[PDB]
4 protein chains.
Amino acid sequence: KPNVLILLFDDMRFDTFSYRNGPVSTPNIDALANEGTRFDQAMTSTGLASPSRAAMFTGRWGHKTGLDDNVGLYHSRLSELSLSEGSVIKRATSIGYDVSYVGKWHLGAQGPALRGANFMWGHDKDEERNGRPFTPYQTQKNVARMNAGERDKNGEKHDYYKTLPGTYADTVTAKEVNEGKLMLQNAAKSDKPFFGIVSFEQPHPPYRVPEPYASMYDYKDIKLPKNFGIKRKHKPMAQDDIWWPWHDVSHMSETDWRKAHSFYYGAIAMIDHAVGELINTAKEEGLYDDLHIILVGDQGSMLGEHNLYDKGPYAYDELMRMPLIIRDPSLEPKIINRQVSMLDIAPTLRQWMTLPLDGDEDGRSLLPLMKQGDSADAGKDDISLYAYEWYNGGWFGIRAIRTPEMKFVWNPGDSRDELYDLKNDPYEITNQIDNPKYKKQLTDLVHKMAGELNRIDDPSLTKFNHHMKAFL
Amino acid sequence: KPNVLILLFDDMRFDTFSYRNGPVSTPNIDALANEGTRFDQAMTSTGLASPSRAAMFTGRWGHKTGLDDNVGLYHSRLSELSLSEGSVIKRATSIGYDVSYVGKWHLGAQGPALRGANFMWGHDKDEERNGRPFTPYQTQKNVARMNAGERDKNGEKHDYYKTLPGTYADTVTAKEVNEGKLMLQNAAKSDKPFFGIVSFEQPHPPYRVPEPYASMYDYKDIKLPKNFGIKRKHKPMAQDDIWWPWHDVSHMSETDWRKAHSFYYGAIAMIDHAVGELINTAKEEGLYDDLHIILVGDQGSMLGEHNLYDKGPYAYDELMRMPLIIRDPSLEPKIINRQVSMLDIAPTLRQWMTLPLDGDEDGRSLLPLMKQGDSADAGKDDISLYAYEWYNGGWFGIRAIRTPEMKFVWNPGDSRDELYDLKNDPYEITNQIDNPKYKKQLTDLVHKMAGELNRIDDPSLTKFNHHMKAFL
Amino acid sequence: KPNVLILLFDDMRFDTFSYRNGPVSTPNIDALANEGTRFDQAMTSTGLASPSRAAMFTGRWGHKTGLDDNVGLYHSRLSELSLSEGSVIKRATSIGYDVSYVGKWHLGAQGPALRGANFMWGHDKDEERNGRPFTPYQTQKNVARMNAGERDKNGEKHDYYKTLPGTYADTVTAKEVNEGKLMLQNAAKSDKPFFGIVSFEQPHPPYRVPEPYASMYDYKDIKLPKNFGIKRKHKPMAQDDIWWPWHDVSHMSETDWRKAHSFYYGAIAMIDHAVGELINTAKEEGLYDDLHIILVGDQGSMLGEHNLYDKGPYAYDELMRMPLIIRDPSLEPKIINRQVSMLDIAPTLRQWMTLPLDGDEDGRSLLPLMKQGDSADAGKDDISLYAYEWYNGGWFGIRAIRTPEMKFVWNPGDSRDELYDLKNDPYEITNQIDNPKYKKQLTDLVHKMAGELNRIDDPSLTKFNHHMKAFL
Amino acid sequence: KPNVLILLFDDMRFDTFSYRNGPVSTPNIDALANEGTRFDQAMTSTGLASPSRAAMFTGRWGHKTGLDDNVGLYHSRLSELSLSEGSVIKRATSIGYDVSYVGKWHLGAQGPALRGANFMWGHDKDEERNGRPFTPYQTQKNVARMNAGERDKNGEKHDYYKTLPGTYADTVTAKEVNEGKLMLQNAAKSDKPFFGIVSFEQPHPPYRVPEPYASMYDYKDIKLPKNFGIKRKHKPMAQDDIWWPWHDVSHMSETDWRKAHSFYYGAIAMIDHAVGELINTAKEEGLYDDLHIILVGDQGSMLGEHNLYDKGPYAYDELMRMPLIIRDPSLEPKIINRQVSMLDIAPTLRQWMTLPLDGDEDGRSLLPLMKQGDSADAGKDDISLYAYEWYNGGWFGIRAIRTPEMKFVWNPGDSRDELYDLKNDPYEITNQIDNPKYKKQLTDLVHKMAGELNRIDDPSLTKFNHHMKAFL
Ligand SMILES: O=S(=O)(O)O[C@@H]1[C@H](O)[C@@H](O)[C@H](O[C@@H]2[C@@H]3OC[C@H]2O[C@H](O)[C@@H]3O)O[C@@H]1CO
Ligand SMILES: O=S(=O)(O)O[C@@H]1[C@H](O)[C@@H](O)[C@H](O[C@@H]2[C@@H]3OC[C@H]2O[C@H](O)[C@@H]3O)O[C@@H]1CO
Ligand SMILES: O=S(=O)(O)O[C@@H]1[C@H](O)[C@@H](O)[C@H](O[C@@H]2[C@@H]3OC[C@H]2O[C@H](O)[C@@H]3O)O[C@@H]1CO
Ligand SMILES: O=S(=O)(O)O[C@@H]1[C@H](O)[C@@H](O)[C@H](O[C@@H]2[C@@H]3OC[C@H]2O[C@H](O)[C@@H]3O)O[C@@H]1CO
Ligand SMILES: [Ca+2]
Ligand SMILES: [Ca+2]
Ligand SMILES: [Ca+2]
Ligand SMILES: [Ca+2]
Ligand SMILES: [Ca+2]
Ligand SMILES: [Ca+2]
Ligand SMILES: [Ca+2]
Ligand SMILES: [Ca+2]
Ligand SMILES: [Ca+2]
Ligand SMILES: [Ca+2]
Ligand SMILES: [Ca+2]
Ligand SMILES: [Ca+2]
Ligand SMILES: [Ca+2]
Ligand SMILES: [Ca+2]
């Protein structure tokens with residue numbers, strides 16, 4: 001029974017790290033990437049926390065667990081992942097692992113503790129269950145101030161980017177690191193196998209860091225991508241609507257967007273420091289050499305691509321792609337360019353730990369890819385499936401199928417679907433849904449989507465077959 | 001088997017008519033009110049079309065029929081009322097009624113015809129089923145024009161109020177009347193009992209009429225109510241959000257709101273003319289003397305009360321109250337001040353027509369009240385129940401319980417409930433939810449709400465018992 | 001809030017009493033019949049304990065409560081009525097009744113107590129929930145002895161009829177009476193309204209009584225009915241199979257069947273004594289003059305009609321008909337010949353006691369009939385609906401519709417349905433299902449059955465529409 | 001896309017063949033066993049046709065497909081496998097296989113044809129769907145004749161064993177072979193990949209063969225096993241009851257049981273001839289060298305072990321074990337002694353044929369075992385899971401877990417479970433369930449069963465946790 005450590009981050013993009021030729025020097029994450037298996041084409045299940053984390057920890061899609069929206073936020077109907085869904089936490093406990101959890105959970109008050117973990121520290125540790133959804137009255141008021149031409153301290157906009165007072169040592173991130181260190185120190189003194197999860201709120205917006213991280217990337221030198229700040233042409237209406245109050249970006253100057261980037265980059269630099277602190281502790285405690293590690297982001301984050309901020313009900317690569325490194329100390333490092341999914345994390349843990357199966361596995365173990373490289377998937381279609389059933393109480397039913405060359409997005413709450421040619425239009429600027437030159441590609445993607453919905457027993461296949469009847 | 005005629009209107013308020021001391025002379029509706037049973041405290045089930053109409057025609061709440069949102073609109077998940085829900089239409093057909101339908105249906109393409117009616121004319125008559133939701137790209141563009149300081153013809157704002165070209169004879173309303181006349185003429189030549197439904201889109205916004213109705217009420221002379229144009233204090237966040245694009249009323253001048261009223265009043269005057277035309281035809285065809293008539297609005301309409309336009313996920317009296325007249329030619333006219341519900345229409349039709357029962361009746365027959373007056377309900381609590389599960393793809397789960405003196409609104413997708421003292425604050429300006437002086441009233445209303453949710457087997461009772469635990 | 005007493009008996013036939021011109025002098029029950037409302041055409045919902053009692057106490061059919069088989073018996077899948085089904089017991093407790101229960105419950109261990117009653121005494125009072133089904137190894141062994149030509153003490157067959165040692169004072173029946181007396185004496189000392197249920201295992205087989213009841217009816221003088229001991233002609237196979245081990249009656253002589261009658265009659269004589277003891281106690285305690293009383297049998301019992309013993313999956317009148325007397329001290333006594341149902345008991349209690357509604361009422365209040373006589377139902381079809389979904393782990397799906405003149409039984413687990421002309425063949429000897437002279441009656445009964453299944457939302461309507469396609 | 005032939009037999013035991021050292025010379029089946037992969041410890045999913053065949057063809061357990069009883073038989077509630085369950089038949093058709101079906105289907109009228117196969121010949125081919133259950137009036141009458149001391153032609157008992165008139169050429173088996181030959185001859189003329197299923201009613205009882213098979217095995221020379229004709233000691237009551245009318249074996253002499261063996265052996269001899277005819281046709285048509293073959297029995301058959309005949313709700317090896325040979329022409333022959341399951345057939349077909357996944361796979365592909373031998377399962381628990389939810393309308397909920405050394409049977413409709421030490425008591429004579437010497441084994445098997453029920457999402461896990469509370 002191997003020791004396992006998961007380092008989970010909130011809205012951490014695939015592309016920022018120096019090992020991906022990104023703009024932030026991340027030597028600790030780069031070292032882990034170089035020692036482990038790089039999943040460079042990893043895709044989340046949903047660009048939203050609770051659905052992505054339920055999928056990650058249960059290995060099933062939201063229509064199977066019922067966890068298909070964020071919990072505890074205006075105006076979601078959901079409060080918690082059912083206690084019948086024990087997840088990898090309870091499964092590991094059942095075969096004698098000591099499981100520990102630190103930080104962001106967002107699957108219901110006390111959840112890790114109710115499933116047998118030591119919930120050492122985090123927002124949800126001492127909360128009562130069935131609480132009222134958090135309703136963003138303060139964010140609403142502050143975005144109205146931004147629209148009225150007000151700014152916060154030092155001309156910042158604290159619903160978007162913020163200099164935190166103090167130092168790294170004062171941060172939530174440092175507290176989570178300190179609890180992670182305690183978790184590792186305690187594990188080293190136990191005869192029981194260890195499964196530890198350290199889950200950081202960073203780099204979730206508003207993009208916030210203390211000095212020196214707040215000023216380490218000059219906003220004036222940020223390279224903005226080809227899809228930055230464009231008017232969306234022939235995109236679905238759900239990309240227009242102000243779902244969360246900060247999604248009104250009408251007041252954002254180019255300077256504001258550049259600062260959103262420079263603060264995000266500072267947050268990634270601070271995350272790199274946090275990862276180094278935990279890896280150094282694992283080494284000092286004699287756990288590192290045999291430690292099976294996953295580093296993953298729950299989804300990405302929009303920094304003004306398509307004039308969007310944060311996240312919402314859509315399928316753009318900046319949100320859909322996630323960073324993923326899986327380090328198995330028994331394997332030679334490899335780079336995997338086959339697409340993989342958040343649904344593949346639970347089966348990988350299941351194979352590592354010989355977890356009992358508690359039900360379906362909607363994904364596949366990544367061990368074959370970690371052992372053999374891309375050739376493990378010889379003869380298989382290179383696809384990923386993404387869902388966006390709900391955004392905080394709004395129903396969308398979104399499904400996307402992504403190949404290396406194309407993406408098809410079904411928006412069943414709209415009349416407008418999306419079709420992107422990722423080979424010629426990797427920035428997803430041009431919706432080709434109405435372009436007859438793409439009839440063969442759309443037909444193929446519709447067939448692949450129907451097959452996936454059938455495989456996972458998604459009840460929206462009935463509606464899909466109506467909407468796409470011309471292509472079946 | 002009596003002949004039955006339903007005259008159904010879309011967003012027709014309880015209060016406009018001259019028989020209710022309202023500002024519009026409505027002699028044809030007044031005459032029907034004076035000949036029939038006035039339900040002066042009638043309440044809709046939901047301030048939204050498809051849920052209210054499914055409840056009206058099936059006699060069950062949306063959680064039982066599955067019809068708990070509008071159909072066919074961005075971003076609802078629903079397309080049609082299940083064909084397993086035959087409604088009063090199929091039930092009447094099954095015992096030998098000739099059923100006819102004209103006008104607005106909004107329960108799925110071809111629905112009345114699929115349930116055995118002659119669907120003589122209307123939007124949904126020749127539409128394919130399972131169509132894509134109508135997504136309001138044009139309304140979105142036009143509201144952006146209004147926010148940019150543009151206006152339409154003659155300085156109007158055609159997403160709010162509009163002079164139609166031509167005359168009454170050119171209108172959808174006149175076409176629906178003409179088909180209603182044909183329906184009555186045909187019924188008079190048949191030996192079979194008749195059940196006819198004429199369902200008008202009027203007075204649904206934008207508030208539109210031709211001359212002379214467009215100019216018959218001077219906007220300068222409109223009396224605006226105490227809750228007109230106020231800033232909402234301590235109200236739920238769902239009252240703030242721009243659900244449909246025209247809900248952005250930030251560009252509306254007092255003149256614009258006054259014109260919304262004067263065009264609405266013109267629409268009610270035109271409806272009165274339409275009702276007269278159908279009643280005169282019933283008289284000319286020898287059907288009127290034995291004709292059992294229902295005149296009802298599916299819900300009201302907001303004309304700037306609480307600075308709200310049209311409708312949305314809320315429970316204010318201007319939307320929740322509905323006009324209702326039920327004329328049984330065998331009964332002396334009476335005014336009923338006991339509250340009644342949209343759920344009471346199907347059981348009243350069931351008693352009139354001896355319809356077979358196809359399942360639960362969530363309401364009660366109104367015949368006892370029509371026969372005896374208010375004393376029929378001696379010893380019963382005077383309550384009404386209102387739901388707002390969904391608004392066009394947004395989930396809210398709203399429940400309201402209303403007594404003559406108080407209203408309690410549960411907003412389970414928010415942290416803020418509502419409590420109104422209708423005796424001291426009939427305009428519902430002051431939310432008393434946090435006022436300890438109302439602890440007894442809130443406790444009583446919470447107990448009444450729990451009992452109603454139990455009675456109708458609403459699965460949200462579990463969440464209710466958590467949210468309201470302090471008062472149970 | 002009136003005081004209510006229910007006297008419930010297990011397998012007590014409609015016809016044994018002297019007030020029904022039956023063979024047993026029952027002066028106490030006759031007196032109650034003469035003082036109350038006689039429902040002389042009452043019908044149980046199912047000829048099996050747990051389903052009948054769940055229907056009685058909840059007012060909903062088994063497909064709605066899930067309680068569609070006996071609990072706790074080989075080889076039923078069921079253990080208890082869900083605690084979400086509070087029944088009239090919890091509903092009465094909720095409005096301030098003191099509810100007390102004595103004797104047979106058979107709806108799950110501790111059930112009356114878990115729903116707020118004082119469970120004073122009875123088999124289920126101190127039992128653990130979720131116990132293993134009682135499997136009749138002893139009965140199996142003893143019926144094998146009977147088939148081998150053995151007899152029990154005094155030549156009796158103790159799986160069919162038995163002389164108990166001692167006297168009435170030593171019996172379970174006397175203990176249940178004594179607890180009933182305590183219940184009434186305690187109720188007389190309280191100002192709180194009283195709801196008491198005394199539920200007797202008598203006269204459930206084996207038919208067992210002490211002297212002098214054991215020898216009170218001479219077996220040689222028993223009048224056997226026209227359908228006694230016949231070979232079943234063209235009847236469904238479920239009437240042939242040995243479901244419970246004592247259903248093998250191949251070893252029964254005519255003397256054994258006569259003695260099963262003698263002992264059944266002795267048990268009815270002892271029941272009449274028990275009823276007298278409780279009514280006399282109510283009189284002595286000053287409760288009788290205002291006491292609202294129901295006396296009912298859960299179903300009948302087969303004494304060799306169609307060569308059947310006890311009960312099983314079938315719909316014969318001797319099992320389907322039930323005794324019912326409802327005494328409302330405010331009403332003149334009347335005889336009701338309209339059919340009524342076990343589903344009508346909960347709504348009658350709900351009207352008497354002003355119980356809150358916890359859901360559907362599949363039956364109707366009997367107060368209108370108790371007040372007006374048969375004319376209350378002028379213009380209603382005189383039908384009863386009977387179900388036999390399960391017998392102790394065997395699935396049958398049986399439905400029967402009964403009119404004063406005809407009975408149609410659907411046996412969906414068989415190829416043979418039943419059709420009886422009760423006018424010309426009240427003993428139900430001749431199955432007319434294939435007789436084209438009865439095509440009009442069968443068609444009418446099929447239509448009535450389809451209507452009833454639709455009304456109660458019985459999911460077997462789909463299969464019914466296949467099986468009866470020729471008749472719809 | 002390889003060509004696939006399935007040879008399926010009805011109630012064919014694992015042990016009769018000469019390759020298993022059994023009493024019948026079966027050179028054709030032995031040759032296939034010697035050329036292919038022998039699964040000598042194969043286990044069916046249920047000892048009943050429709051459930052076993054639904055599991056075989058869908059790769060999911062009955063609680064997932066709803067196909068958990070025989071269809072079309074007194075007194076099952078079921079008529080057909082849902083057409084939403086396309087099975088391997090529709091999945092193979094979807095990727096361009098020509099699928100053909102001959103013989104016994106027993107999953108609903110027309111089922112193979114409705115799923116895209118050429119249903120060449122068989123009982124279900126031209127039948128109407130939703131027919132009334134076959135009710136065994138003839139068998140009931142004839143078993144009554146046997147109990148009255150009558151015999152059939154030549155002193156036979158035709159509900160148990162029967163000489164057919166004519167020769168092999170006149171048999172149903174020869175017709176099924178002849179259609180199988182046509183299927184192979186037609187497949188040889190197509191370039192399209194072939195998937196053929198030939199499903200024989202033999203050797204289902206009554207055990208029936210023409211000469212010379214009827215007299216080939218001398219009944220006087222039959223070797224009877226150690227568990228033949230014993231009185232069952234401390235066994236569950238469902239083993240005693242006469243579920244199907246021929247289960248009354250009280251009239252069977254030792255000669256009658258010996259002849260049931262003689263005729264069963266004659267039927268296996270005739271099956272070996274049938275298999276030879278199809279394999280020889282495959283060779284003559286040039287298909288054999290690349291033909292991927294499965295030969296399997298749906299379950300075994302009881303020949304008087306524990307004094308049982310045919311099958312019923314129980315888990316004895318003679319019924320639970322099944323013959324299985326899988327021949328992949330690309331692989332070296334191997335004998336597999338690891339247990340395998342009927343749930344492993346669909347995934348094996350899915351791997352051979354690259355079938356799309358239509359949902360869960362409750363089993364595993366057998367290719368790794370076929371390639372590597374038993375070592376493929378190194379470090380896996382050697383278990384099999386068996387269910388007996390229903391027998392022809394009787395509910396039993398039975399679950400069995402089997403290891404090489406032990407078997408635990410949960411009988412939730414009884415108070416008696418079973419525990420067999422297969423090492424010391426391979427004939428399953430001694431129920432050890434109450435033997436404290438076996439507490440460790442029972443505890444381990446209970447844990448393994450709980451894990452399996454959780455893995456397949458069997459809703460009976462809730463009741464299992466109550467019944468087995470002492471052991472969890
Ligand atoms: O596999 S595990 O994660 O160890 O958990 C299994 C099973 O998957 C899980 O559903 C169950 O959870 C039970 C279930 O819901 C909540 C919890 O207790 C309740 O009473 C229900 O039995 O726990 C099992 C392992 O115990
Ligand atoms: O009561 S009615 O309105 O006359 O309709 C009843 C019943 O309520 C309704 O559910 C049923 O509808 C059937 C059902 O769904 C659609 C329609 O056909 C399908 O095949 C199903 O049988 O119709 C009955 C009366 O026929
Ligand atoms: O109407 S009552 O008989 O008073 O009971 C109601 C309701 O009908 C009943 O379902 C509920 O039972 C709750 C329910 O299951 C058991 C009990 O507690 C659980 O937690 C569930 O909420 O009790 C109410 C009265 O409170
Ligand atoms: O995978 S397949 O065997 O090819 O079948 C799939 C799917 O698994 C199956 O459920 C579906 O069956 C549809 C479904 O029920 C019957 C049939 O038509 C109905 O309208 C429903 O949509 O068929 C697909 C292949 O198309
Ligand atoms: Ca996130
Ligand atoms: Ca921080
Ligand atoms: Ca599944
Ligand atoms: Ca599927
Ligand atoms: Ca409306
Ligand atoms: Ca109009
Ligand atoms: Ca209901
Ligand atoms: Ca309820
Ligand atoms: Ca009984
Ligand atoms: Ca007794
Ligand atoms: Ca119904
Ligand atoms: Ca079989
Ligand atoms: Ca044959
Ligand atoms: Ca599970």
# chains A, B, ... in the order shown; residues from 1 in each chain; ligands from 1
>>> interface_residues(of="chain C", to="chain B", cutoff="10 Å", atoms="only C-alpha atoms", output="ChimeraX atom specification")
/C:356-362,451-458
>>> residues_around(residues="residue 115 (chain C)", least_positions_apart="3", cutoff="8 Å", atoms="only C-alpha atoms", output="PDB file with N, CA, C and O atoms, in the first residue's frame")
ATOM      1  N   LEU C  83     -40.910   4.755   8.067  1.00  0.00           N
ATOM      2  CA  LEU C  83     -41.294   5.708   9.127  1.00  0.00           C
ATOM      3  C   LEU C  83     -41.712   7.064   8.521  1.00  0.00           C
ATOM      4  O   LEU C  83     -42.374   7.825   9.246  1.00  0.00           O
ATOM      5  N   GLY C  86     -46.280   8.296   8.513  1.00  0.00           N
ATOM      6  CA  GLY C  86     -46.647   8.471   9.926  1.00  0.00           C
ATOM      7  C   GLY C  86     -47.994   7.853  10.231  1.00  0.00           C
ATOM      8  O   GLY C  86     -48.262   7.510  11.389  1.00  0.00           O
ATOM      9  N   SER C  87     -48.857   7.763   9.216  1.00  0.00           N
ATOM     10  CA  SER C  87     -50.231   7.211   9.303  1.00  0.00           C
ATOM     11  C   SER C  87     -51.129   8.163  10.115  1.00  0.00           C
ATOM     12  O   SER C  87     -50.643   9.189  10.657  1.00  0.00           O
ATOM     13  N   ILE C  89     -51.936   7.578  12.969  1.00  0.00           N
ATOM     14  CA  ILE C  89     -51.373   7.614  14.346  1.00  0.00           C
ATOM     15  C   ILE C  89     -50.558   8.894  14.557  1.00  0.00           C
ATOM     16  O   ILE C  89     -50.843   9.622  15.532  1.00  0.00           O
ATOM     17  N   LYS C  90     -49.584   9.181  13.685  1.00  0.00           N
ATOM     18  CA  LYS C  90     -48.727  10.378  13.858  1.00  0.00           C
ATOM     19  C   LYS C  90     -49.551  11.637  13.574  1.00  0.00           C
ATOM     20  O   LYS C  90     -49.364  12.641  14.286  1.00  0.00           O
ATOM     21  N   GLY C 111     -43.587  -0.104  15.513  1.00  0.00           N
ATOM     22  CA  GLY C 111     -44.133   0.921  14.608  1.00  0.00           C
ATOM     23  C   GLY C 111     -45.064   1.913  15.289  1.00  0.00           C
ATOM     24  O   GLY C 111     -44.948   3.112  15.012  1.00  0.00           O
ATOM     25  N   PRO C 112     -46.045   1.515  16.128  1.00  0.00           N
ATOM     26  CA  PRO C 112     -46.970   2.491  16.714  1.00  0.00           C
ATOM     27  C   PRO C 112     -46.236   3.481  17.614  1.00  0.00           C
ATOM     28  O   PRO C 112     -46.525   4.669  17.617  1.00  0.00           O
TER      29      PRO C 112
END
>>> select_by_dssp(residues="region 89-314 of chain C", states="strand (DSSP E)", output="compact mmCIF listing (two decimals) with N, CA and C atoms, in the first residue's frame")
# COMPACT_ATOMS: atom_id res chain seq x y z
N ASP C 98 -53.94 11.88 22.36
CA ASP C 98 -53.21 10.77 23.00
C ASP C 98 -53.61 9.49 22.27
N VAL C 99 -52.69 8.92 21.51
CA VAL C 99 -52.93 7.70 20.71
C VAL C 99 -52.36 6.51 21.48
N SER C 100 -53.16 5.44 21.57
CA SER C 100 -52.75 4.18 22.21
C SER C 100 -53.04 3.02 21.27
N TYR C 101 -52.18 2.02 21.29
CA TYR C 101 -52.25 0.84 20.41
C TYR C 101 -52.08 -0.40 21.28
N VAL C 102 -52.95 -1.38 21.06
CA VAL C 102 -52.82 -2.73 21.66
C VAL C 102 -52.96 -3.78 20.56
N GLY C 103 -52.07 -4.77 20.56
CA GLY C 103 -52.28 -6.04 19.85
C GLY C 103 -51.53 -6.07 18.53
N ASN C 118 -48.70 5.43 22.46
CA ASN C 118 -48.42 4.50 23.58
C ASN C 118 -48.74 3.08 23.13
N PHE C 119 -47.71 2.34 22.72
CA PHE C 119 -47.83 0.95 22.27
C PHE C 119 -47.89 0.12 23.54
N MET C 120 -49.09 -0.07 24.06
CA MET C 120 -49.26 -0.56 25.46
C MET C 120 -48.80 -2.00 25.56
N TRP C 121 -49.11 -2.81 24.55
CA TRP C 121 -48.90 -4.26 24.60
C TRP C 121 -49.04 -4.79 23.18
N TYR C 161 -57.56 -26.24 13.41
CA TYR C 161 -58.47 -25.99 14.56
C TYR C 161 -57.86 -26.63 15.80
N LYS C 162 -58.08 -25.98 16.93
CA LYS C 162 -57.38 -26.38 18.17
C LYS C 162 -58.16 -25.93 19.39
N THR C 163 -58.31 -26.86 20.34
CA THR C 163 -58.82 -26.48 21.67
C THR C 163 -57.64 -25.93 22.50
N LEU C 164 -57.71 -24.69 22.95
CA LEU C 164 -56.70 -24.11 23.85
C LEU C 164 -56.95 -24.63 25.26
N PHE C 194 -58.75 11.34 22.87
CA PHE C 194 -58.26 9.95 22.90
C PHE C 194 -58.41 9.31 21.52
N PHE C 195 -57.41 8.57 21.04
CA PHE C 195 -57.54 7.72 19.83
C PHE C 195 -56.94 6.38 20.21
N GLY C 196 -57.78 5.39 20.38
CA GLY C 196 -57.33 4.06 20.82
C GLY C 196 -57.59 3.02 19.74
N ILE C 197 -56.63 2.14 19.56
CA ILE C 197 -56.73 1.00 18.59
C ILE C 197 -56.48 -0.27 19.37
N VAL C 198 -57.45 -1.17 19.37
CA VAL C 198 -57.28 -2.53 19.94
C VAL C 198 -57.43 -3.50 18.78
N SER C 199 -56.34 -4.17 18.46
CA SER C 199 -56.17 -5.03 17.27
C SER C 199 -55.94 -6.47 17.69
N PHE C 200 -56.91 -7.33 17.44
CA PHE C 200 -56.94 -8.73 17.90
C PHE C 200 -56.39 -9.66 16.82
N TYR C 207 -57.81 -21.96 13.81
CA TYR C 207 -59.02 -21.50 14.55
C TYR C 207 -58.98 -22.12 15.94
N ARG C 208 -58.73 -21.28 16.95
CA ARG C 208 -58.31 -21.78 18.27
C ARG C 208 -59.09 -21.04 19.34
N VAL C 209 -59.64 -21.81 20.29
CA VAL C 209 -60.42 -21.21 21.39
C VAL C 209 -60.32 -22.17 22.55
N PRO C 210 -60.46 -21.65 23.77
CA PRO C 210 -60.57 -22.51 24.93
C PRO C 210 -62.05 -22.95 25.02
N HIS C 292 -66.66 7.71 19.22
CA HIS C 292 -66.74 7.45 17.77
C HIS C 292 -65.99 6.12 17.53
N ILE C 293 -66.69 5.10 17.06
CA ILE C 293 -66.21 3.69 17.07
C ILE C 293 -66.15 3.19 15.63
N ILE C 294 -65.06 2.49 15.30
CA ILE C 294 -64.98 1.67 14.06
C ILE C 294 -64.71 0.24 14.50
N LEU C 295 -65.51 -0.70 14.04
CA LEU C 295 -65.23 -2.13 14.19
C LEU C 295 -65.02 -2.67 12.78
N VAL C 296 -63.90 -3.33 12.55
CA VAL C 296 -63.61 -3.76 11.16
C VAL C 296 -62.74 -5.02 11.22
N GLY C 297 -62.90 -5.89 10.22
CA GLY C 297 -61.99 -7.02 10.01
C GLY C 297 -61.03 -6.68 8.88
N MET C 302 -61.15 -18.05 4.36
CA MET C 302 -61.73 -19.17 3.57
C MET C 302 -61.89 -20.41 4.47
N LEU C 303 -63.11 -20.93 4.55
CA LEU C 303 -63.48 -22.15 5.31
C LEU C 303 -63.86 -23.27 4.34
N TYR C 309 -58.54 -22.83 2.07
CA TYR C 309 -58.47 -22.56 3.53
C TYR C 309 -57.67 -21.27 3.75
N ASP C 310 -58.05 -20.49 4.76
CA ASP C 310 -57.30 -19.29 5.20
C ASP C 310 -57.46 -18.17 4.16
>>> select_by_dssp(residues="region 334-394 of chain A", states="alpha helix (DSSP H)", output="number ranges by chain")
A: 345-353, 367-372
>>> residues_near_ligand(ligand="ligand 6", cutoff="12 Å", atoms="only C-alpha atoms and all ligand atoms", output="VMD selection string")
chain A and resid 9 to 10 103 to 104 162 to 177 199 to 211 213 to 214 263 to 264 266 to 271 273 to 274
